[PDB]
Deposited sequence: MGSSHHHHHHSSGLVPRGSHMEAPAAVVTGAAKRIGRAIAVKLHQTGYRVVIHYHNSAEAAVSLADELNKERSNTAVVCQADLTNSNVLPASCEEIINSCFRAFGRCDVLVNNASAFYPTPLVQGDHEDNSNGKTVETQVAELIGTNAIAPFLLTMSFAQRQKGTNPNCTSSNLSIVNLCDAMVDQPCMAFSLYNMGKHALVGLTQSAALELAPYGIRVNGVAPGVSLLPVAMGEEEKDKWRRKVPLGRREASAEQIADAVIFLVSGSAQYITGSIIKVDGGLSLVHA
């Protein structure tokens, strides 16, 4: 009788905070992961200790290929197998690295466009075909002021705005809402050094600090809740004003 949600890339960082906060709200969860098997199993163990039979894991690579549609169908199917329903899809998984214009390029394309855009589209198709239903896409507040040399990443995130709009329009007559949450700087890349992390922190007007994963998850919670039942096609920036700051 509890609703169920799929969260992609939910083993760590922002997807983990979203899975935790959905679980705290009453949801049963599918924790999708690609490589982070130990962290995924550890999170599902922690949620199941809190309410038994309320969490499963589901492994899949979201890189574009001719078998991506079957993998995305399987992610949705795993929610129905464990819980008998699927009320919420959160498209959180994402590849992120530079692709300068001046891995082979076709693998770069498959990974950055597949995880950020194609996989969300196919998960959206499988979600809708299997049916307060809603989908939330993790977008990027800086998509119009992009990082230098991130053209494929930026293309995938713009494509994800277009999917949020197109699917909100096409799925409205089934009662499925589709919206996005657009972080600015939240948890900084593990690879990143401390002086560089501070450099980004200092650009944020509201507090000169990055968003916690929980602050990002809070906006996801609102969008799936009964307090957003007339909201579809909207993207909420959660960026502390970063996107307002000129060069």
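Gaps without C-alpha coordinates occur at 1-21, 124-133, 163-172, with positions taken along the deposited sequence from 1.
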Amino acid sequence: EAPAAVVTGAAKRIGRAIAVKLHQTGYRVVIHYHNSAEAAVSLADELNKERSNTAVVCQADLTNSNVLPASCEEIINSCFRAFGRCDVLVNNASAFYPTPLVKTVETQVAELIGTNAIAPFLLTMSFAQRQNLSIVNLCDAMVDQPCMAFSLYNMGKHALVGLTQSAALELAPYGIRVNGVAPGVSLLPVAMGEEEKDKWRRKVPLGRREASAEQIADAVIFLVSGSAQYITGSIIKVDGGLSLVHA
From here on, numbers count along this sequence of modelled residues.
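Take the two forms, find the largest set of C-alpha atoms that superpose within 1.5 Å, and that set is the rigid core.
Stretch comparison, 38-46 versus 209-217: after rigid core superposition, larger RMS CA deviation in 8 other deposited structures of this protein is found for 209-217. Taking the root mean square of CA deviations in 8 other deposited structures of this protein after fitting on the rigid core, 200-208 and 57-65 differ, and the farther of the two is 200-208. Between 160-168 and 83-91, the higher mean Cα B-factor belongs to 83-91. Of the two segments, 120-128 and 140-148, the one listed with the higher mean B-factor is 140-148 (C-alpha atoms only). When the C-alpha B-factors of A191, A182, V220, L68 are ranked from the entry, the top spot goes to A191. Of the candidates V102, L133, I76, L112, the one whose C-alpha carries the top B factor in the deposited record is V102. Split the chain's modelled residues into thirds by C-alpha temperature factor. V178 is in the lowest one. Among the modelled residues of its chain, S225 has a C-alpha B-factor that falls in the middle third according to the deposited record. Among all modelled residues in its chain, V245 ranks in the middle third by Cα B-factor.
The deposited CA B-factor of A4 belongs to the middle third of values across its chain.
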